[PDB]
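Enquirer:
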Amino acid sequence: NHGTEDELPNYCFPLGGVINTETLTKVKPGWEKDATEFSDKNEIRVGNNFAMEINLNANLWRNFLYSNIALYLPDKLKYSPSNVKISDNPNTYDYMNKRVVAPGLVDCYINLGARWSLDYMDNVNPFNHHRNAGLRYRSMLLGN
Amino acid sequence: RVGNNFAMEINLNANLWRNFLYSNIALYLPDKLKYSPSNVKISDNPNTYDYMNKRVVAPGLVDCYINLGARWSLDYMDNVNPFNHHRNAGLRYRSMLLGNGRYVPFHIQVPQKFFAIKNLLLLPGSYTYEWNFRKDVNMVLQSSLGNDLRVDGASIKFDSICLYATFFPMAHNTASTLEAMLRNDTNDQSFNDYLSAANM
Amino acid sequence: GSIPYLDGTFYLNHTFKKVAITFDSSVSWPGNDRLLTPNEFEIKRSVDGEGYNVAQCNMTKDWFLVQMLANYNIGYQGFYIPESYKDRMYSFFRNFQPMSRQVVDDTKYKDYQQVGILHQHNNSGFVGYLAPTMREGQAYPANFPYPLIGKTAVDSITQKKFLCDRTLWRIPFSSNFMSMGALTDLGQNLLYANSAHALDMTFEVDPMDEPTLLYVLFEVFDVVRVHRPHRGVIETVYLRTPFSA
Amino acid sequence: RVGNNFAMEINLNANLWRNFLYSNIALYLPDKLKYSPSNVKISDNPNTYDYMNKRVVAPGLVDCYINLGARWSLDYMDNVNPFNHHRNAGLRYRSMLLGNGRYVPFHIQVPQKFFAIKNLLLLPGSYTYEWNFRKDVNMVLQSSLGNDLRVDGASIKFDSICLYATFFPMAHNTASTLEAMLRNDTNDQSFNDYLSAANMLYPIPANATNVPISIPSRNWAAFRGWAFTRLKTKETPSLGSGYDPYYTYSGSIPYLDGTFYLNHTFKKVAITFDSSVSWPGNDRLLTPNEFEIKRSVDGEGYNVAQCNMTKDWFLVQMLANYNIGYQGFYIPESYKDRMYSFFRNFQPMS
Amino acid sequence: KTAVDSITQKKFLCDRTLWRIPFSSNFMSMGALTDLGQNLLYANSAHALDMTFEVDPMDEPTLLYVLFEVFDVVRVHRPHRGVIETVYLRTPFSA
Amino acid sequence: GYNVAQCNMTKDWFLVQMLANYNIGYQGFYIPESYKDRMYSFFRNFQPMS
Amino acid sequence: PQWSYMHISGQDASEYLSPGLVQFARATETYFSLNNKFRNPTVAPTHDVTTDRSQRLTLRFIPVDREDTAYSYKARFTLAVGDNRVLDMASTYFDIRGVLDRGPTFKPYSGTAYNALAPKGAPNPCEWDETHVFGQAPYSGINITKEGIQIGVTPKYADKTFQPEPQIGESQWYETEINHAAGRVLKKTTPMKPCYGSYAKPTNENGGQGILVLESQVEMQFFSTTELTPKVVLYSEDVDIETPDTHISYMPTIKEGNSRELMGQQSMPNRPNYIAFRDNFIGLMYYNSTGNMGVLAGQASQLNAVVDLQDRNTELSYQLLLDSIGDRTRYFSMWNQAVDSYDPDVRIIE
Amino acid sequence: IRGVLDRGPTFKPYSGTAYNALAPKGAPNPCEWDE
Amino acid sequence: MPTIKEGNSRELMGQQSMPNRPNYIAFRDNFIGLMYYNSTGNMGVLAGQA
């Protein structure tokens with residue numbers, strides 16, 4: 402976990418560049440109105456544009472940790488979903504798929520700055536994983 | 452809702468490229484291109500972490516469009532030591548071998564490198580073997596920023612030192628025969644230093 | 702940080718321009734009209750000398766041939782990539798990195814304006830000004846950089862350079878620069894057997910705005926012979942030659 | 452604020468995957484799947500950059516969900532030259548060696564490739580050495596889109612040409628002794644061309660499938676065998692020509708550079724000497740009169756290796772390339788399985 | 852659970868290489884000058900050859916490229932200062 | 752004190768594994784030649800961590 | 007004496023050690039190796055290999071003749087091999103300089119150089135007739179008079198040729214009600230283009246882009268609410292607006308000239324297109340062409356030692372030879388030796 | 102050799118922050134001030 | 302940092318935070334620097350005890 406290269410803020414912006422415009426009227430020199444020349448309803452944004460902010464690199468790291476580690480944590484750390492029927496047989500796909508794991512168990516900040524396998528995962532078979540490339544290839548040889 | 456949905460727009464790939472250039476190149480630009488922050492106290496000593504961390508660099512100095520379409524190192528970076536960087540993978544690994552915290556009890560095995568003895572076959576006898584070890588944190592440690600660790604609070608205590616040696620469990624008649632051959636002057640061992648240079 | 706002298710993280714080899722080697726005040730080495738510039742080793746040449754450059758950078762033909770021969774014995778029967786097991790981490794060709802770029806020609810591009818970082822705008826409205834801080838400003842056509850492609854590409858100039866990190870530059874004392882035994886042919890020559898000689902070397906380097914050091918390794922035999930004549934006795938004879946201590 | 456904060460939602464990984472598929476696959480789809488833009492002028496000449504750049508492709512043709520869970524090349528792209536792409540790293544590097552701008556003064560060293568002289572040890576004498584050099588931008592340059600650079604404004608001036616030669620500083624007595632040995636006829640040098648082939652090209656008109664060829668009666672002593680592939684005529688300059696006025700393409704040229712990519716379009720080949728002696732004959736092959744390369748569904752029993760390649764073809768390719776096939780099939784030693792070898796390039800898919 | 856009825860398609864790519872049919876009695880490499888190349892059958896007579904390829908149809912003109920593999924050799928004689936003479940032999944398919 | 756290689760493996764075990772796999776341990780510890788250190792070999796798979 | 011004793015010269019260890027130690031060491035190498043404890047000398051020959059006479063390593067030859075056609079040139083040299091020399095032709099090459107123009111379709115990157123973070127359909131601030167203004171004023175000043183926006187201090194006003202600068206804006210995220218705002222705007226006489234991909238050359242050393250006609260034509264435009280002091284000054288200017296590396300992906304109207312509808316146009320970057328010389332400089336020299344045949348001949352002696360054929364393929368033979376003896380994944384700039392390749396995950400979608 | 106090392110307060114073996122990394126970088130915590 | 306001023310204020314709501322630069326600290330490759338070489342005042346010893 403060498404953390405994330407998030408020094409620069411990352412923003413999304415409105416489709417037109419700007420959205421919270423003021424309606425304004427052209428004036429001339437003491438000051439008086441204009442018309443037949445310039446329109447009397449111009450749309451001008453005063454200040455910076457409307458923006459929202461997302462940490463891209465932290466999100467990508469979070470998603471990688473959740474998909475490849477949190478979801479594979481031993482079942483004793485998971486819990487059964489609320490208001491959802493789940494199989495009674497832990498050997499089933501339905502059980503493995505519906506058991507819920509909290510993302511904060513392997514979050515962005517897990518053993519930050521360390522090279523460290525989780526004690527919870529040391530004794531879990533690492534080959535039983537969607538990133539087993541030999542098994543993915545053998546699955547793909549048959550088709551999709 | 453009448454019409455299309457409300458949406459905002461972000462260039463993902465341009466942002467990821469921008470972040471990579473800022474983190475790994477802009478922040479490592481020579482200090483003469485940086486400036487000191489406004490309304491923030493900063494160290495007066497450029498060798499410190501606080502100075503290196505708080506000096507500000509403009510992202511437009513190495514932006515998305517820097518020498519676009521080229522394979523080109525920045526002239527500003529050619530003479531900056533490239534190994535002093537958080538993407539030095541050997542140094543990252545060595546840092547991670549100790550752990551992720553500032554406080555580390557350590558336990559290491561240190562090899563003998565002097566060419567006249569590092570491959571010597573030493574015959575029966577009792578020998579004095581003594582060596583001298585450094586304590587200066589700027590020599591015994593390495594940082595990726597290269598800050599002066601003497602002023603920046605690192606320290607180290609060497610608590611114990613043992614000498615280990617491993618012996619092939621040689622048949623005793625063979626060992627004594629070998630020893631006798633190796634004590635004759637025609638069978639003196641010899642070694643050349645690898646670098647083989649006088650260094651100025 | 703890293704300490705190149707001890708660890709081999711060399712990264713300033715491209716700052717060398719040339720070296721002239723002279724024995725006894727006036728005997729140029731190698732002399733013998735061997736090199737295209739025969740009195741010195743020219744490492745790189747600027748624009749004015751580009752005819753003698755090679756490999757699409759500003760390194761000279763002569764220097765490339767001496768480096769290839771010193772490292773791999775390649776240069777008299779064609780240039781090719783060395784076998785990977787001969788081209789190690791700190792070897793010449795593994796580290797050789799020629800590069801080129803164009804840039805606006807500030808004398809021929811009639812419309813040239815020297816616009817500095819304080820006044821460049823590109824992504825105004827969407828990035829912070831001079832800092833990695835909050836977006837600010839307004840959307841506007843960019844004023845920078847100059848386009849070097851398309852139908853309105855600006856007049857441009859080309860720059861060429863190289864990096865060659867990790868390795869040391871090498872000039873072997875061997876009559877064809879090739880490795881033909883550790884104890885070289887010139888090292889055994891009568892000329893160096895019987896007399897003494899003084900040596901001058903003059904290096905030209907690119908200027909750097911801090912103190913630096915020329916590190917010269919004078920390559921010799923650095924040898925020890927070890928005698929163990931009796932239980933718990935170890936004796937050693939050292940010989941470094943030349944440059945005996 | 453009462454409640455949760457105002458938030459908008461974006462699938463990052465799906466977007467990154469979408470962008471990769473659009474940039475590297477959708478935009479390279481055959482032009483018959485594209486359409487011309489509305490309210491925008493476009494060139495009438497499909498060989499131009501302007502046409503290639505402005506033709507529109509729908510992203511849903513290669514979207515996130517394209518053959519999901521499969522390892523599968525698109526049938527639309529199998530017969531499109533894969534080397535003509537911005538992810539050709541050799542071509543990107545060669546472009547970057549010159550710089551990032553359209554205007555480049557250049558300085559290059561060009562090697563001699565003709566087998567009879569490229570390794571010759573030339574003895575004392577004075578010799579005329581003359582060579583001829585091309586100027587056609589479609590031959591001397593290469594582009595990743597393969598647009599016609601004759602119409603698209605590239606040009607080149609060759610200002611100076613010098614010949615360089617390097618000499619081992621040989622001891623003079625040794626050099627004269629060597630020269631004298633090498634002037635005797637028993638010590639003549641000799642060289643074989645590496646490819647060692649007479650090269651022919653036969654036309655395959657569009658949509659044709661049957662390609663018969665004939666070699667007239669001649670002597671075959673010392674014949675080593677046959678090698679073959681398929682080329683686009685649009686990608687193959689006329690042989691031997693000073694200048695080909697109908698060559699309107701600047702991509703990779705497989706005939707010259709080895710970027711072959713149409714080998715999977717072969718079904719079979721039948722070889723016959725003297726009108727009716729099938730070769731190899733001798734009941735050697737599972738279909739004994741021809742070499743069947745691939746079989747469709749109806750012949751799947753004789754297919755192998757989880758694709759539609761036949762057992763027989765796989766065995767001939769393995770034996771021809773590596774001498775493997777009579778004492779089991781296995782992966783060849785990597786040093787025998789080079790860049791242009793059969794097994795390194797073999798890619799079965801379903 | 853509601854997967855649609857499906858069919859399977861299989862194919863291969865094999866870029867970069869040439870397809871190879873060696874003139875050798877077991878297809879193996881046992882010397883450059885092959886066993887069949889030395890056979891009496893091909894030593895003393897002449898023979899015509901037909902080859903018939905079947906290919907998948909493509910909606911543009913293409914070319915079959917056949918390399919007929921032979922010995923393509925030159926021998927170089929330098930008998931006097933500034934004299935260089937050459938004998939070429941390509942066989943079979945001599946020019 | 753009897754651990755090695757910056758993890759909790761013992762000196763003795765490391766020496767037996769190195770000798771069993773590569774014949775390394777009486778004339779110094781070093782990385783084995785890669786062609787001797789295969790997919791299921793000791794040193795290729797050894798991962799000390801702290 | 008001392009070199010022999012220190013093993014700089016003289017016998018190897020197998021000769022100078024006692025014969026029993028030698029036998030014992032050879033027999034036991036696989037149990038406990040002793041070879042690294044005894045130095046062996048390596049000594050270069052000192053006679054009959056090289057010369058100590060004056061002699062160049064490399065010779066350069068200038069053409070004795072050059073001939074040009076519109077499609078080729080020919081360069082003739084007199085290659086001299088002096089007495090007591092031999093020359094390996096693999097050491098020879100043509101050193102060529104010249105000027106290349108890759109032309110206007112060369113684009114060695116994906117994306118745009120210009121305002122890449124703008125949403126692809128966001129307009130620049132602009133003006134059109136139906165006169166209407168769509169714009170932004172991000173600069174906060176002390177006051178506005180008919181002199182324009184005040185920027186500090191006797192009052193000091195924006196230098197209209199570059200101030201307010203579009204890169205500069207308020208420093209904090211929270212709403213602040215700016216009483217006196219300024220920004221720049223494009224006049225209706227500048228064509229409307231999306232922000233993304235927009236560039237206009239600077240016309241002053243302070244980054245402004247106003248067209249000079257030489258004095259500035261920047262005109263101030265004053266604005267207030269619809270209910279008296281101006282709240283906004285806009286600095287309107289024409290700039291030489293270009294889209295050097297993008298094109299329009301949505302063009303709302305056939306109609307010409309600025310309009311409200313044109314604010315809806317969207318910009319897409321142009322396709323990348325690397326242009327270069329070819330791998331191993333294929334195509335620069337003619338081979339296998341009877342009309343453009345190379346020459347190597349004794350100068351006295353008239354008869355060309357090069358004989359080539361149209362059905363030989365010299366370029367492809369070199370490609371195959373290089374793959375057979377070296378690792379084509381490695382690059383060498385000197386011969387433009389950088390093999391064409393493709394992204395395996397582009398050719399076969401996984 | 103065994104001993105104790107203190108890498109000191111400038112050791113930081115990662116990029117980014119451990120703490121509220123997904124917050125916008127100028128978003129305040131909920132807070133109170135006087136005017 | 303919007304103000305020189307000290308203590309909480311509406312303006313302080315505008316401040317922005319950036320992560321600190323990474324800085325790995327370790328022993329050196331091959332533990333370079335721990336043992337003295339090539340130093341006449343700190344010279345190593347190997348000698349018969351007698």
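Protein chains in written order, with PDB author numbering: chain A, 402 to 430, 437 to 551; chain B, 452 to 651; chain C, 702 to 946; chain D, 452 to 801; chain E, 852 to 946; chain F, 752 to 801; chain G, 7 to 136, 165 to 187, 191 to 250, 257 to 270, 279 to 401; chain H, 102 to 136; chain I, 302 to 351. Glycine is no exception: its CB is placed at the ideal position from the N, C-alpha and C atoms.
Once the 5 residues before and after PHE457 of chain A are set aside, which same chain residues still bring their CB inside 6 Å of it?
Expert: For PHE457 of chain A, where only same-chain residues beyond five positions count, the Cβ hits under 6 Å are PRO415, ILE420, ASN421.
Enquirer: Compute the Euclidean distance between the alpha carbons of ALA389 of chain G and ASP330 of chain G, then round it to the nearest angstrom.
Expert: Straight-line Cα distance between these residues: approximately 6 Å.
Enquirer: What would DSSP say about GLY752 of chain F, mapped onto helix, strand or coil?
Expert: Correct three-state label for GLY752 of chain F: coil.
Enquirer: Rounded C-beta distance between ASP788 of chain F and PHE780 of chain F? I'm assuming under 8 Å.
Expert: Not a contact, Cβ separation roughly 13 Å.
Enquirer: To the nearest angstrom, how far is the alpha carbon of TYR338 of chain I from that of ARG941 of chain C?
Expert: Roughly 17 Å separates the two Cα atoms.
Enquirer: Under the DSSP definition of a beta bridge, which residues are partnered with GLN593 of chain B?
Expert: Per DSSP, I:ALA327.
Enquirer: Report back the beta-carbon spacing between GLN803 of chain C and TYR554 of chain D to the nearest angstrom; my notes put them in contact at under 8 Å.
Expert: Correct: roughly 7 Å between the Cβ atoms.
Enquirer: Leaving aside the five residues before and after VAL662 of chain D along the sequence, list all residues of the same chain whose C-beta is less than 7 Å from its C-beta, in chain order.
Expert: The residues are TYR653, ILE655.
Enquirer: Rounding to the nearest angstrom, what Cα-Cα distance links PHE67 of chain G and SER524 of chain D in this structure?
Expert: Rounded to whole angstroms, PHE67 of chain G to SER524 of chain D spans 52 Å at the Cα level.
Enquirer: Would you mind telling me which residues of chain C sit closer than 9 Å to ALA458 of chain A, beta carbon to beta carbon, in chain order?
Expert: Within chain C, the residues near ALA458 of chain A are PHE827, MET835, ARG836.
Enquirer: Who are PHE944 of chain E's beta bridge partners in DSSP?
Expert: In the DSSP output, where bridge partners are listed per residue, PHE944 of chain E has none listed.
Enquirer: Can you tell me which of the three DSSP states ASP636 of chain B falls into?
Expert: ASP636 of chain B: helix per DSSP, three-state reduction.
Enquirer: Do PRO846 of chain C and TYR516 of chain B count as a contact pair if the criterion is CB distance below 8 Å?
Expert: Against a cut-off of 8 Å, the Cβ pair of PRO846 of chain C and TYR516 of chain B comes out as a contact.
Enquirer: Does DSSP classify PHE112 of chain H as helix, strand or coil?
Expert: Looking at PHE112 of chain H - three-state DSSP - the assignment turns out to be coil, as it is neither helix nor strand.
Enquirer: For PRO129 of chain H, return the contacting residues in chain I, with the cut-off set at a CB-CB distance below 9 Å.
Expert: Result: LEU313, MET314, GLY315, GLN316.
Enquirer: How about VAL748 of chain C and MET902 of chain C: are their beta carbons less than 8 Å apart?
Expert: No, the pair does not count as a contact, with Cβ atoms beyond the cut-off.
Enquirer: What residue range is occupied by the uninterrupted alpha helix (DSSP H) comprising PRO705 of chain D?
Expert: Run containing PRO705 of chain D: 705-708, per the alpha helix (DSSP H) assignment.
Enquirer: For the alpha helix (DSSP H) that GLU366 of chain G lies in, which residues bound it at each end?
Expert: Per DSSP, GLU366 of chain G belongs to the alpha helix (DSSP H) from 365-376.
Enquirer: Assuming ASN650 of chain D and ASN324 of chain G form a contact by the criterion Cβ under 8 Å, report the distance between their Cβ atoms to the nearest whole angstrom.
Expert: Actually they are not in contact, since the Cβ atoms of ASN650 of chain D and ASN324 of chain G sit about 31 Å apart, beyond 8 Å.
Enquirer: Does DSSP put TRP582 of chain D in a helix, a strand or coil?
Expert: Correct three-state label for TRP582 of chain D: strand.
Enquirer: Who are the neighbours of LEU40 of chain G on chain B, taking C-beta pairs under 8 Å?
Expert: Ordered by position in chain B, the residues that pass the 8 Å Cβ test against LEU40 of chain G are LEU572.
Enquirer: Just the chain G side, please: which residues come within less than 9 Å of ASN490 of chain B by C-beta, in chain order?
Expert: By Cβ distance, chain G contributes nothing, its closest Cβ being about 11 Å from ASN490 of chain B, past 9 Å.
Enquirer: Taking only runs that begin and end inside the stretch 503-538 of chain B, name each unbroken alpha helix (DSSP H) of 4 or more residues, in chain order.
Expert: Counting whole runs of 4 or more residues, the stretch 503-538 of chain B contains the alpha helix (DSSP H) stretches 526-529.
Enquirer: From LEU27 of chain G to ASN41 of chain G, what distance separates their C-alpha atoms?
Expert: Taking the straight line joining both Cα atoms gives about 11 Å.
Enquirer: Which partner residues of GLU920 of chain E appear in the DSSP bridge assignment?
Expert: In DSSP, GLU920 of chain E forms a bridge with D:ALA648, D:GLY676.
Enquirer: If the cut is a Cβ gap below 8 Å, which residues of chain K does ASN470 of chain A touch?
Expert: Going by chain labels, chain K is absent from the structure shown, which instead holds the protein chains A, B, C, D, E, F, G, H and I.
Enquirer: Within 8 Å of any Cβ in chain E, is that where the Cβ of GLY732 of chain D sits?
Expert: No, its Cβ sits nowhere closer than 8 Å to a Cβ of chain E.
Enquirer: Straight-line CA distance for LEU887 of chain C to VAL358 of chain G?
Expert: Near 44 Å, if we compare the C-alpha coordinates of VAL358 of chain G and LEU887 of chain C.
Enquirer: Answer with yes or no whether the minimum CB distance from residue 439 of chain B to chain G is below 8 Å.
Expert: Given that chain B is displayed from residue 452 to residue 651, the structure contains no residue 439 of chain B and the question cannot be resolved.
Enquirer: Once DSSP output is grouped into helix, strand and coil, what is the label at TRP468 of chain B?
Expert: Of the three classes helix, strand and coil, the one that applies to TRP468 of chain B here is helix, per DSSP.
Enquirer: How would you write the range of the beta strand (DSSP E) that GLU262 of chain G sits in, first residue to last?
Expert: Where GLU262 of chain G is concerned, the enclosing beta strand (DSSP E) stretches over 262-268.
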